[PDB]
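Two forms of the same protein chain are encoded below as C-alpha cells; each is given separately, as structure 1 and structure 2.
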Structure 1
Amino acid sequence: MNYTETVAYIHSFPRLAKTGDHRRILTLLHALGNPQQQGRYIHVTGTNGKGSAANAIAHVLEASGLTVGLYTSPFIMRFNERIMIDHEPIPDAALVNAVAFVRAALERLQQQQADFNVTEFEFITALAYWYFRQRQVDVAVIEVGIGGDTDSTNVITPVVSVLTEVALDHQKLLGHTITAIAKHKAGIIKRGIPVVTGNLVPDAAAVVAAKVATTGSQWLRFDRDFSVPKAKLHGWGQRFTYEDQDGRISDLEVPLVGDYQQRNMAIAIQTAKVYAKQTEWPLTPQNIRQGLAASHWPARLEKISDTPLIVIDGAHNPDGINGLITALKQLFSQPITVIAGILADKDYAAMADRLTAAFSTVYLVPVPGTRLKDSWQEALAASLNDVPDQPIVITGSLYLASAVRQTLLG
C-alpha cells in the first residue's frame, strides 16, 4: 500500500464494544513484541488541556537534549501529526512501512483467531508504541484518548502521570458527576508514580487525594506546589513567571493566549522537572524557556486571518466555553461574532446561553461529519455581510477548528 491507501486503511477499522480490560490491544501489542513495556513514558489525561500540556512537556524535554515521542489527538492538518518524534510527524514513507508491519502481525493473529480484530484507535496506539521503540526515543509523551483507566493507551507504567483538570464532558462514557469522571481519570495514577495535576475542584481533589493515598504517589498540585504568580499578554502570546518548591523562573514566554494556558504550561514545567528528577537527567531554566518559546499549538485560540480577523478554538464543553469567554473578554474590547458548533452535547443549550449572554453575535452550527446556520461556512458568510466590523471566533470540537484551518490555510 501507498501512503493514501495506508491512511484510508487506518480509517477503515471497526468500532468494537468497549471492554476496558485492554485485551484486544494487548493481543496486538504482544505480537509486536510488547514495545509498551520498554522505554519510558509520561501519561497525560484531563478534560481540557491534555494536548497543550503534552505538547509543552515534549518541547521542554526536547530542549534539554532528549529524543521525545509525542502521541496526541486529534490531528489538525494531517494524520501524521498524531505520532511525532522531536516534533516531526511520522514521515509518509515511514507510516506506510509501519502500517504494513502492524497489518502483517494483525493478519497472523487473525489466521490463528479467526474473528480477532482491533478498533482504529487501538491499531494506531499499538503502531505508535511500536514506532517509538523502533526509533528508541528516550521518552514518549502519551495523551489519553478518553478517560484514563479504560483508554487503549493505558497499558504502560510511566515515570510521571498528569491530570490537567476534571470538568463535565463525555458523560455516556465517563460518568454524570465530577466524582465519577474523576475516578476514571485517576486510573492513570500508578503505584509510587508521581502525579502532577491542575487546580482541581473539591470533589475531584478528594478522589485524587484518595487515590494517591492508596498508590503512595507524590502529588504536585497547581496553586499548592507550583504556580504562575505573574503573567501578561505579549503579542499573540503571554509572558509569565513560574514558581515551585525550587524557586521562580522569570520571563518565560509561550506563543499561546488564554489564561488557562498558564495552568497547562505550569503543569508541563512541573511535570518535566519531575521527569528529569526521577531519571536523574539535567534540566535548566534555559531548557524550559526555550521549550515554552517553541510551544506552538494549532487551533488553540489561534488567529489564522488578520483581514478579516478570524480566530479558531476547540472549546466545546462548558468548561472550555467558560475559559473561552473569559479569554475573548481579555483579547477583544469590541463587538465580536462567535460561530459555535456545539449543536452536539446536551450541554449545548446552556453553553449557548452563556455565549449569547456575553457576545454581540452568535451563530450555532453542526460539526462537519456529525442563530442557527447549516454550516460554519454559511455562518461566516453571514457574519462578514451583516457584521463586517466584527472579528470572527470559530469554536467547537477541534474537528470543526481543524476543518476550518484546513479550508482556510491548507
Structure 2
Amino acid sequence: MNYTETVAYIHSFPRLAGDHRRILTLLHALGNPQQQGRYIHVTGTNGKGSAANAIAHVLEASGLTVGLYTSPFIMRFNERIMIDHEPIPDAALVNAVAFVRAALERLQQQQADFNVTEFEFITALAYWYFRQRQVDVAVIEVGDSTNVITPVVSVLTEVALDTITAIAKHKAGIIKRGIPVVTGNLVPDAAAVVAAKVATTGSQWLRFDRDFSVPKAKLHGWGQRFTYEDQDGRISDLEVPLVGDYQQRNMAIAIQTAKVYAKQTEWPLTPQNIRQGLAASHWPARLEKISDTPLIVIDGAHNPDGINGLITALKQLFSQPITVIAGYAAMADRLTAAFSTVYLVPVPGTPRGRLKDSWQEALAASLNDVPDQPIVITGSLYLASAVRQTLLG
C-alpha cells in the first residue's frame, strides 16, 4: 500500500470485547519486542502526556535515543510514535504496517477468526518499531493494551475526583515487583490503593510533596520559572515553556522519574541535561501561544475543571480584554462572566454567548472588529488541533 492506504487500514480495525491475549499472540508473531529493551510506564487521569514528553526530552538531552508513544496526535498520525521527538516517517510507517499485517495474516491462517483492535495493532507496531530502531528506552503513555512490559520505572501522575478506589486499582496494575513508582500527591482513596500495592510488590515509592517537591514557582514570559527539590538537593531556576500551576507537578514528576531511570541503569544525568531538556519541553495545543501578531492562543480544556483552570491561567497572563472562542451551558456561563467577547462555535468532529457557525467565522469577526485584541480558542483538543493544522500546516 501507500501511506494513505496504510493509515486507512489501521482505522479499519474493529471494536472487540479483557486480558492481553490477542496482543500477546500478535507480539509473539513479531518476535516479542516488548520483552527486550528499557521502558518507562506512564499512566494517570491527567498530566500523563505532559510528563512523558518531559521525561523523554530530559533523557534525550543526556544523550539517549528515546522512543515516545503517545495519544492523541495533534497535527499528523505519525506523532503517536516518535524517536528523539521526530515522528515516524511515512515510508517507515508503510514498511512497519506491511510487516505487522503479514504476521497478522499468518495468524489468521491458523486461528481463522483472530483479529485485534486498532489500538492493539498500533501498540504492537510501536513496540516493534522501537526495537527495530534500537532505542535505549521507550516512554510509554498508557492508553490497558500497553501493559505487557516490565518497566524500569512506573509513573502514576493523578487519579482525579471525576469511583476513586475502582479507578486507582485499574491504574495500580502498572506497578511491578521491585520496580520504583513515582507518583503525584494522590487523594486519600487513591493513595491507600497505591500504598497497599507497593507493600505487595516491594517497590520504592517516590511521592510528590513527600520525597520531591517544587518550593518556588512563578510565571516568566509564556512559561514558568521554578525550583525542584528532592533528596539529592535543589535544582533552582529551572524553566519550562508551559503555563498552568498543575504543570509544576508534572515537571517535578518528570524530573524525579528521569533521575530514577538514570540511577537504575547507571546512566549519568546532570542538572544541565534536566535544564536543557525542560527548556525543550513544548507540548502543542495545551495553552500554546501560536501567534504573536495577531495574538492567538490555542487550548484543549474540555471539562469544567479544565475551564476553571484555564480561566485563572488566562487571568494570570492577561490583564486586558480578550476574545474567547469556545467549542455545556455551565462551561459557557463561567466564560461569559469572566470574559469580554465570547463566541460559541461547533467542534469539528462532532454533530449538532454569541453564536457563530464555525471557528473561522468567529476568528474573522474578532480580527475585523478589534484587531489588537487577543483571541483564545478553547473547548476541545480536536477543535484546537483543527486550528493548529490550518494556521500552521
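Basically, rigid core = biggest C-alpha set you can superpose within 1.5 Å across the two forms. All residue numbers here refer to structure 1's sequence, counted from 1.
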TODO: Tell me, please, whether between structure 1 and structure 2 the C-alpha of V387 is shifted by 2 Å or more, with the rigid core used for superposition.
DONE: yes
Task: Core superposition between structure 1 and structure 2, C-alpha change of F79 at least 2 Å - done: no
- [ ] State in degrees the rotation separating the positions of the smaller rigid part between structure 1 and structure 2, with the larger part superposed on its C-alpha atoms.
- [x] 17
Open item on the list: So with the rigid core superposed, the C-alpha of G235 shifts by how many Å between structure 1 and structure 2?
Closed with: 1.1
Task: Cα shift between structure 1 and structure 2 at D313, which is computed once both forms share a superposed rigid core (Å) - done: 2.9
